[PDB]
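# Structure at a glance
The lines below spell out each chain.
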Amino acid sequence: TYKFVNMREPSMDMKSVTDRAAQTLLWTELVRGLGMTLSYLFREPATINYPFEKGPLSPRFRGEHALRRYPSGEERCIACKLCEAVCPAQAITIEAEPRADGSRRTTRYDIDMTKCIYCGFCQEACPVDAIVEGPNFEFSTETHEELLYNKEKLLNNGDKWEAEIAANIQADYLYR
Amino acid sequence: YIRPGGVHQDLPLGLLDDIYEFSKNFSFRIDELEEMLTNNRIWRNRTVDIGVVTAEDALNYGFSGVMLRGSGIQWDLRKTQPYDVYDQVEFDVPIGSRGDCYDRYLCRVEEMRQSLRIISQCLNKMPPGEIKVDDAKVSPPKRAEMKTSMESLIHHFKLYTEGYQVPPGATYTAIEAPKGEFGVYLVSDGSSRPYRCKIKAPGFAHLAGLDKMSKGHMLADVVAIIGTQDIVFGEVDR
Amino acid sequence: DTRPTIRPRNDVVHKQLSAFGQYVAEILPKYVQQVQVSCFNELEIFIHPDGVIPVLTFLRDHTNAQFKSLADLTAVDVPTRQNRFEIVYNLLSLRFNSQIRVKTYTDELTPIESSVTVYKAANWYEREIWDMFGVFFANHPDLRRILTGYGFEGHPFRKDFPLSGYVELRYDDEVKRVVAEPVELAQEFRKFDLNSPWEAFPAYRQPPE
Amino acid sequence: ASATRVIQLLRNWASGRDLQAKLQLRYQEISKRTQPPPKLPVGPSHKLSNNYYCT
Amino acid sequence: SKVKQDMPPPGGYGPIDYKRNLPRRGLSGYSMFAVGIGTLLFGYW
Amino acid sequence: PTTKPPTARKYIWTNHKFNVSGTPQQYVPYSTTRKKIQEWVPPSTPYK
Amino acid sequence: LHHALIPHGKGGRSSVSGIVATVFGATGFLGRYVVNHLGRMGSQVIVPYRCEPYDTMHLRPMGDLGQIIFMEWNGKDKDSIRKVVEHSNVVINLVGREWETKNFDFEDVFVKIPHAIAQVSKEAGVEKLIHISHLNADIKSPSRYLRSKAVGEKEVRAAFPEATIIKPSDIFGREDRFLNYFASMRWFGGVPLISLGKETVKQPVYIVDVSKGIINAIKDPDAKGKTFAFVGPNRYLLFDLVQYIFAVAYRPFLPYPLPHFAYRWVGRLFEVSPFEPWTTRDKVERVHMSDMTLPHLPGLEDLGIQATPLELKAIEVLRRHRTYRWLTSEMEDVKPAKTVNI
Amino acid sequence: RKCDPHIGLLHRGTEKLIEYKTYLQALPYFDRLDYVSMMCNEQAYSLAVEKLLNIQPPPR
Amino acid sequence: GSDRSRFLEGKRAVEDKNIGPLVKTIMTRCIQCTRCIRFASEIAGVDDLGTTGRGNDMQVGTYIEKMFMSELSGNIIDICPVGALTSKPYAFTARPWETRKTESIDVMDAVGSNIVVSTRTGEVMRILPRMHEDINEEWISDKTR
Amino acid sequence: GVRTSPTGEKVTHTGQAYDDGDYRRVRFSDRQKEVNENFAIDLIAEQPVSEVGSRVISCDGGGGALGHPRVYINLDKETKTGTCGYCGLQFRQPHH
Amino acid sequence: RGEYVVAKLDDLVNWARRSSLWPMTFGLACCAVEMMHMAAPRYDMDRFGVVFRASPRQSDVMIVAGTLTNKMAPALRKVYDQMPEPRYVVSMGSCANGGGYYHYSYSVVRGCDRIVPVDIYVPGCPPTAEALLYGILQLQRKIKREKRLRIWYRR
Amino acid sequence: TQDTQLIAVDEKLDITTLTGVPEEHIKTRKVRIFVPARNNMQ
Amino acid sequence: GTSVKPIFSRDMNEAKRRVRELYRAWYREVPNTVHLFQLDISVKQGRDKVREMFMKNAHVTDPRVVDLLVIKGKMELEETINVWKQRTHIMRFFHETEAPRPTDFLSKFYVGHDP
Ligand SMILES: NC(=O)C1=CN([C@@H]2O[C@H](COP(=O)(O)OP(=O)(O)OC[C@H]3O[C@@H](n4cnc5c(N)ncnc54)[C@H](OP(=O)(O)O)[C@@H]3O)[C@@H](O)[C@H]2O)C=CC1
Ligand code: SF4
Ligand code: SF4
Ligand code: SF4
Ligand code: SF4
Ligand code: SF4
Ligand SMILES: [K+]
Ligand SMILES: [Zn+2]
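Per the PDB record, the structure was determined using cryo-EM to 3.5 Å resolution.

Written out as structure tokens, the structure is:
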């Protein structure tokens, strides 16, 4: 099924030629273009008053990363290195070691936020929902080094955006 | 989102309603765009009879997508070689006549309108079921099962660390991309990584022909004959 | 259906492709060495390098082939072979609604007759093949680098060319000009050997030597 | 921030169509952002018997 | 309970138009010229 | 949050901090792991 | 060496050089180059600054991430100097000013500030302090710049014994205020050479040569306590040197002879400007004064470096000053001027 | 007279970088080839990988 | 193997055993392949690893608490197909897909056993035995490992 | 809690703290050394040891799908307690 | 007081600077598409005084949006050196920041920093058009805290 | 069996000058040809 | 096995012939190239750098190979003639910014484990 987009032949009767001539001299399609720009002038602009009116997002939004912890308080990451193994840009570096108490966690968990592609593959691979991408997207910085997060900064994010990340996965865990 | 074996996760509840709401008024917005340019004397003079290519010239130069459609060649992978469920949706391909910039721009606008019918059919015929192939060795298991059963955990572990080994072979698939015939010549070797992923660029052959279409036209028309080219510069350069 | 996950297989297309494969093989036995139809109904024609031009011309012009569109022209670098490069042609026939694959072989120092005469689309594809891999093509109009930066050394897509390259770039203030230096990665690319030591597909079990 | 009828008549006439029917701004017809939890289905192979992977 | 996923309404979504809706407005060719000439005649007088 | 406040846990901060970039409260990346090679400590005994 | 200071790599940006420099006043002519040379080898340079952070932006893209650290310091504050030099291996002094600011005269910035830097560095426990002073440093020269420099280097020597002292003759480079200063004198009618500049003898030294000289001094183990003197290979008479500048710049030459006392007056007239002064009386004395040869002090060559003649790197500075009529002229069109025996 | 379009000003080594990654890891690359055709690019790659795997996605 | 499980029951758990400061013993993961038992009684010569009890409750270990100590003790880590027996010194410090394996020759003893030194990020985690069929067969000494 | 170093710097839970003679410290001057205070090593200790009258238990960290994968701990050795590897919660048979 | 007079005068200049930033679009990759959405009426970059203007002789800030390929690296430096220089550089996306996805390629420089000095860094892949608006807002704050006149008065 | 202006090219293939490798990485590097041993864990 | 079809040259004699005028085409425009690109370096060090690059590729004793560098040098000449390479690309041949790597064994032993 195809349609011929431009195969219209104008009529040669005395009426049609005059209308085309009237269109030519008395610019009409130009007025129609003008007339519609006036229509948009009186309409309702769609601009949102940033930062007083932030844009609409979804619970699945991928932003700044953070390591969450169990309700008890102990971290969720058990250093399985799934997130590091599946990271498409190799932005994850992990070093683990037996903790003093037994059950062992990472001693180094660095995310290179200038090498990250924010694909979210880390939060899917994680079998304990430890590493997640938080809702924040306003962590722009003045220096390149401030982007290169390590375990401490990421753990701080987990203790800062927990009130929001907990609700997001609460609304989205059933889909996954 | 689109991944081998289906999609990542199902649609959030209430998304189809918003898609219907947006598509309802998009016909008007298309008329808003095309009314100020299609009949506009300035617009046609800036595009009509500019960048005209022939039929056999377009075929030989590797042109695909709109460029064949815009110059009489009735070709569209969505109809000739239907992939996915494109054999069930009905739509009209806007074959062009003159082949210049103006005809192709009209084909683009008509292809915009035709997608709405395809959107309408997809919204009204969306079936129930899963969103990934029910096979853990290719698509990762559900998170509920990964925390419950042995096999799901092992498959999730191996799939996100090593991946799914694919049979050793070479293939060349192509789809009617919104610019052309985007395709990949994927060569495997039986491992969990590709051996060679050549990426067919619809704009590569398109940009290769820019010299042919620019022959004789004034320099100020060079922007017009790359505008109808639709060369996104992450595909040609890859 | 009993195969809700397995991709359905078409035998009619397999028979039509196989019949055409024998047809092309008999037409030009001078270059066609072997021909095969893959499991997912795709035809590959293995020609001798000298037959690059004659075979393509036949597929382009014959009334029963009419393959009149070079989809892409690429090569696969396989160092373990005597002719490491393996030039691959992909053609599409609009009249007959089919695609064909024509593949040759070439070592490092051997020129291939440029297909610019038959398919003018090959012109830019030829430059990429030379730039990425180093395969020179004779009779090419404007054979030169297309993708790599000016004065680039080596051919990147070669398997023996390191991924990070040999040279990085930096703005040096002493000369007030962007300069080139030997590469020094802040973090080395952690290579991952993730090939399971257990056989995957018994169908492709290469017989022992 | 739905405007006065005087503007609506002028805005409609200037464009040549009824714009109040289909508008570019979503007021309330959008789906609520707090939706009830879903119940995803299962794949065809989610069977307790006669579901051997070799087949 | 039963399966619950995003689905179209039971009767399906309403129609979604796609064709061109360019209207025809303004007087015919002769009328535009007549009022243009008539203004000149009054202006001349 | 007035109608539905989020669940409360100990580790959650009690005072939100804005972008601390620029101000002398930034985040300075640093190694979170200890040393690897222990240098041999020479004997302070005057030997002989 | 500390466990974290052992050199590593191949001298590139990511290579660990092993020197923690503290280049003072790096937001300037030599400060730009010395940071760059330290930046290439991968040295954590603690650059203190008192100017606007924007004026230090050009310094940022010269080292790997985390290498170049910017700190705020004030000249008349021991605490600021201590803060910047507390963790350092080498401290480089480059504070200087060709004019006397309202809050800072030649005494303040060439003796007082170097005194505080040297004294605090010894208390901190740094290894090497590289202090820079003019080659023409003298206690009796009327130009307070040379007079202050001579007092400062003696004082720095007292406070820091094993402090290498550099005595460059006159740097020339992209922004040198030496070749640019003479080239900029076209606006003021003709060039008013003092006594036609037939007696002043100068030995300009390339800026890059000085920069690599400082870096070689850092790595050299014998630089402890020495007092180097950096001079160019050739030695030029003032009139012929200005001839080479204007010939390379292809500008008209008007050798105006002007009495010394009158020149001191016009230097006073240009001194009144609150902004960056075009020239001061002390500047007039300096260009009038010659560069005495000091063979006893070790030269530039002793720091494993070869000097670069001005006639080799002349178009670098004066290509900008050329108009469109001479913006594309070659390098060898103008031959070197008269070379008085060195 | 002639139009020589010098390209390569954004020659990111995508085709070489794909080799070193897994099939799932190479998925985001196709979203970053054409900045505007996102699902269309992934659809082509998904079809290619599914065709080699002899596996079809569910109707939904 | 299949791609799912149809086992809607409660799994079993087995108390851990201690056999020395060298061998990680998580006996819940064991599959009772008796590879460790066979190795101890054949290649090591000491008979302290065995199987106690019958049925699904059968557990492989040493009954009375006793360290399995021999110059070839660490080899039971390699033969064990699961993570039931692993190495305490290296325990959960790296992952197999991220280490680079470099062949070398052990120098601790005069046998000159061939080993595969695994290095990641310029560090040494594991010394795995290689195969030579003449010098060290498929084993190394504990002092080597 | 957090222990300060003799040089006057907070020590992270991993035990990281720069030496007095370490040059890589100037970064922290005029900035702050990011360290978390909720030391997970400590906080897990305050969790009471649950007592259940069964030889084995099943721990999933609570929340079902929101917790760690379900594991079964063998609370047979009366000498000590059984702790889940993923989360660290302890369990103990009350005098068996 | 002289310090007070220089204080108000500096604020007047800094207000005139931050209230008129004219980006010189270096649209390179998919990071540029999201930036145009900032120019789209949803966020309306123009409303903040910041409006897109070509001809780097008539622009104040660079917005590096996309990967920086080694072949074009001289072009980035040249168009940076030609700006009348109260000037700042905004890096959009992981690729422009430090290489991002193509950090390990043979022909992508690991960050736009190695060519030009970089002001505020905008992380993302791509950073959403709202995130860039926050970035430009951060530069306005940075311009607000400029003491150019105070430093001159205390030189 | 191919008359294509065939000439005697006895000398060994020396494509090194074309691969673009710098001088350092072409002599001082000692490559190793080996069949990798099985991961003893597996 | 010992015989393979050539690129352009049938033996070393004509291959050497194609090198000579390539060197000719490289000698003539060096002052023109220096003028065109505002080279800081004088003409003289331009000419021998062409000579030195031609000199380092001397051990080649294969007609097919010599053709490959001959055509590759032609593109390099083409890139330089029609201002396709800028100053930075030209200055790339003069390795200026990088420090001289010493060649004596003693210095290498002092700096690192480089063989
Ligand atoms: N021919 C020559 O000029 C020679 C010069 N030298 C010495 O080299 C040094 C640097 O010269 P050059 O780079 O050309 O000089 P510039 O004037 O170009 O730069 C001087 C540097 O010192 C800083 N500075 C100066 N005075 C003060 C002060 N009172 N408080 C804080 N910082 C201050 C400047 O900061 P800011 O930029 O903010 O003003 C800037 O960083 C000087 O000691 C000079 O005497 C040695 C031999 C020859
Ligand atoms: S989202 Fe970022 S950190 Fe996570 S896997 Fe993707 S690239 Fe890696
Ligand atoms: S995937 Fe989760 S549990 Fe595994 S290492 Fe990463 S953060 Fe830790
Ligand atoms: S070798 Fe391992 S799996 Fe086998 S019986 Fe011994 S402990 Fe169990
Ligand atoms: S990796 Fe193997 S041994 Fe370890 S838990 Fe998984 S199945 Fe058990
Ligand atoms: S950071 Fe991401 S979005 Fe931006 S240019 Fe790179 S790949 Fe594209
Ligand atoms: K094991
Ligand atoms: Zn638990």
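## Some thoughts on the overall build of chain J
For chain J, the helix and strand inventory stands at 1 helix and 5 strands. Listing every helix and strand of chain J by position from the N terminus yields α-β-β-β-β-β. Its C-alpha radius of gyration of 20 Å places chain J more than 25% over the 12 Å reference for a compact globule of 96 residues. Based on the C-alpha atoms only, the size of chain J along its principal axes is roughly 55 × 30 × 15 Å. Counting only residues that meet the buried cut, chain J has 42% of its 96 residues in that class. A fraction of 32% describes how many contacts in chain J between residues 6 or more apart in sequence connect residues 24 or more apart. Entry remark: accessible area of chain J is about 4700 Å², with carbon and sulfur atoms responsible for 49%. Mean positive and mean negative side-chain charge positions of chain J (12 and 13 charges, respectively) differ by 4 Å.

## Topic: the nonpolar core
Grouped together as the largest cluster of nonpolar side chains are 124 residues, with contacts concentrated most on A:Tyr109, B:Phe182, H:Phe30 and K:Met62. Counting residues per element, this core draws most heavily on helix 3 (residues 39-53) of chain H, which supplies 7 residues. Discounting chain neighbours no more than four positions away, the residues touching H:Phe30 are B:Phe182, B:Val184, B:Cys197, B:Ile199, H:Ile18, H:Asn41, H:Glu42 and H:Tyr45. Of all hydrophobic cores here, the second largest spans 73 residues; its members include G:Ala21, G:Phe70, G:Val208 and G:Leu238.

## With respect to the packing of helix 2 (residues 78-85) of chain G against helix 3 (residues 106-124) of chain G
Residue and element names in this part refer to chain G. Here helix 2 crosses helix 3 at 50 degrees, and the two axes come no closer than 9 Å. Classified by the interaxial angle, the pair formed by helix 2 and helix 3 is oblique. For the crossing formed where helix 2 meets helix 3, the hand is right-handed. The segment helix 2 lies against helix 3, with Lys78, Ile81, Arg82 and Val85 engaging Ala116, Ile117, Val120, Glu123 and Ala124. Classifying every residue of the contact of helix 2 with helix 3 by side-chain character gives 6 nonpolar, no polar and 3 charged.

## Points about the coordination of the potassium ion (ligand 7)
Within the protein, the potassium ion (ligand 7) binds to I:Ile77 (O), I:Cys80 (O) and I:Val82 (O); these donor distances fall in the range 2.7 to 3.0 Å. If you list the donors of the potassium ion (ligand 7) from N- to C-terminus, the spacing comes out as I-x2-C-x1-V.

## Focus: the coordination of the zinc ion (ligand 8)
Put simply, a metal with four donors set out as a tetrahedron has ideal angles of 109.5 degrees, and one with six donors set out as an octahedron has ideal angles of 90 or 180 degrees. The coordination sphere of the zinc ion (ligand 8) contains the protein donors J:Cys59 (SG), J:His68 (NE2), J:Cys84 (SG) and J:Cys87 (SG), at a distance range of 2.1 to 2.3 Å. One can describe the site at the zinc ion (ligand 8) as tetrahedral: its 4 donor atoms subtend angles covering 89 to 130 degrees at the metal.

## Focus on the site of ligand 2
Close to ligand 2 lie A:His65, A:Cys87, A:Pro88, A:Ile92, A:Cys116, A:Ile117, A:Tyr118, A:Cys119, A:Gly120, A:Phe121, A:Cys122 and A:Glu133, which account for all nearby residues. Taken together, the residues of the shell around ligand 2 sort by class into 9 nonpolar, 2 polar and 1 charged.

## A look at helix 7 (residues 238-248) of chain G
Residues and elements named next belong to chain G. Burial of helix 7 is extensive: 9 of the 11 residues sit out of reach of the surface. When we look at burial in helix 7, the residues that qualify are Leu238, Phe239, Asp240, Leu241, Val242, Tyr244, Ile245, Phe246 and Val248. For helix 7, the secondary structure elements touched by its buried residues are helix 5 (179-183), strand 7 (201-202), strand 9 (236-237), helix 9 (281-288) and helix 10 (315-318). Once helix 7 ends, the next one or two residues include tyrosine 250, with phi positive near 55 degrees.

## Regarding the UniProt feature "binding site: Zn(2+) 1" (unreviewed entry) in chain J
Those residues carrying the UniProt feature "binding site: Zn(2+) 1" (unreviewed entry) are J:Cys59, J:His68, J:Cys84 and J:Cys87 in this numbering. Judged by maximum C-alpha separation, these annotated positions cover 29 residues in sequence but sit close together in space, the widest gap being only 9.8 Å. Among the structural elements, J:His68 can be located in the loop between strand 2 (56-59) and strand 3 (71-74). When residues no more than four places from it in sequence are discounted, the contact partners of J:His68 are A:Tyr70, A:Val128, B:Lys147, J:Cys59, J:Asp60, J:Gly61, J:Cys84, J:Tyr86 and J:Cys87. Other than its neighbours up to four places away in sequence, J:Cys84 contacts J:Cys59, J:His68, J:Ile73, J:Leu89 and J:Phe91.

## As for a positive patch on the surface
On the surface, M:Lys16, M:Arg17, M:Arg20, M:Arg24 and M:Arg28 cluster together into a positively charged patch. Relative to the assigned elements, M:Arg20 resides in helix 1 (residues 12-28).

## Observations concerning the layout of surface pockets
Taken as a whole, the second largest pocket spans an internal volume of roughly 2000 Å³. Looking at the second largest pocket, it is lined by 49 residues, and the ones nearest its centre are A:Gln23, B:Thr38, B:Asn39, B:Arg44 and E:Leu22. Residue composition of the lining of the second largest pocket, grouped by class: 17 nonpolar, 13 polar and 19 charged.

## Things to note about the sheet that holds strand 4 (residues 121-122) of chain K
Residue and element names in this part refer to chain K. Strand order in the open sheet formed by 4 strands is 1-2-3-4, with parallel pairing between adjacent strands. The sheet is open, and its two edges are formed by strand 1 (23-27) and strand 4, each paired on a single side. Judged from the 2 bridges that link them, strand 3 (residues 88-92) and strand 4 form a sheet pairing that is parallel. Within strand 4, the residue paired with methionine 92 across the bridge is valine 122. With respect to the sheet, helix 2 (residues 30-39) is in contact with strand 1, strand 2 (61-65) and strand 3, its orientation differing from that of strand 2 by roughly 125 degrees. Relative to strand 1, helix 3 (residues 73-81) is tilted by about 175 degrees, and along the sheet it contacts strand 1, strand 2 and strand 3.

## What to know about the site of ligand 3
Around ligand 3, a shell composed of 13 residues is seen, among which A:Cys77, A:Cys80, A:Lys81, A:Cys83 and A:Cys126 lie nearest. Across the shell around ligand 3, the residue classes tally to 12 nonpolar, no polar and 1 charged.

## Brief notes about the interface of chain H and chain B
How big an interface is tends to be stated in terms of accessible area lost as the parts join. Tallying the contact residues gives 48 residues for chain H and 60 residues for chain B. Between chain H and chain B, a total of about 5000 Å² is buried, with carbon and sulfur atoms accounting for 66% of that surface. When the buried surface of chain H facing chain B is broken down by residue, H:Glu15, H:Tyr23 and H:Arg60 rank first, second and third, together holding 18% of it. Across the pair B:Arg196 and H:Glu15 runs a salt bridge, and its minimum N-O distance is 3.0 Å. Connecting chain H to chain B are 21 residue pairs in polar contact. Counting only elements with at least two residues in the side of chain H that touches chain B, the list comes to helix 1 (14-20), helix 2 (27-31) and helix 3 of chain H.

## Some remarks on a nonpolar patch on the surface
Residues and elements named next belong to chain K. Together, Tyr4, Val5, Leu9, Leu12 and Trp15 make up an exposed nonpolar region whose accessible area comes to about 550 Å². Looking at the secondary structure, you find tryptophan 15 in helix 1 (residues 2-18). We classify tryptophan 15 as partly exposed; its relative accessible area is 47%.

About the thresholds
- Residues numbered from 1 in each chain as written, not as in the entry; some residues may be left out.
- Chains lettered and ligands numbered in written order.
- Part of a larger assembly, values for the part shown.
- Heavy atoms only, no water.
- Helix = DSSP H or I, 4+ residues; strand = E, 2+ residues; numbered from the N terminus.
- Rg over C-alpha atoms; globule rule 2.2 N^0.38 Å.
- Buried < 20%, exposed > 50% of the residue type's maximum accessible area, 1.4 Å probe, protein only.
- Contact = heavy atoms within 4.5 Å.
- Areas by Shrake-Rupley, 256 points an atom, 1.4 Å probe, with all protein chains shown as cover.
- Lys, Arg positive; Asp, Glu negative; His and termini not counted.
- Charge placed at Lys NZ, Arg CZ, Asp CG, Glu CD.
- Core = buried A, V, L, I, M, F, W, Y, C linked by side-chain atoms within 4.5 Å.
- Axes fitted to C-alpha atoms, helices over the stretch in contact; angles between N-to-C directions.
- Parallel < 35°, antiparallel > 145°, perpendicular 65-115°, else oblique.
- Left-handed = near helix turned anticlockwise from the far one by under 90°.
- Nonpolar A, V, L, I, M, F, W, Y, C, P; charged D, E, K, R; others polar.
- Donors = N, O, S within 2.8 Å, 3.2 Å for Na, K, Ca; no water.
- Tetrahedral: all angles 85-135°; square planar, octahedral: opposite > 155°, others 65-115°.
- Near = heavy atom within 4 Å.
- UniProt positions renumbered as here; feature names shortened; annotations may be inferred.
- Patch = residues over 30% accessible without salt bridge, like charges linked within 9 Å, V, L, I, M, F, W, Y side chains within 5 Å.
- Salt bridge = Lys/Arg side-chain N within 4 Å of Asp/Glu carboxyl O.
- 1 Å grid on protein atoms, 1.4 Å probe; cavity = no way out; pocket = protein on both sides within 12 Å on 5 of 7 lines; lining within 4 Å.
- Points joined across faces, edges and corners; volume = space filled by probe spheres on them.
- Pairing = 2+ DSSP bridges.
- Buried area = accessible area lost by both parts, 1.4 Å probe.
- Polar contact = N/O pair within 3.5 Å; in protein donor to acceptor, adjacent residues only side chain to side chain.

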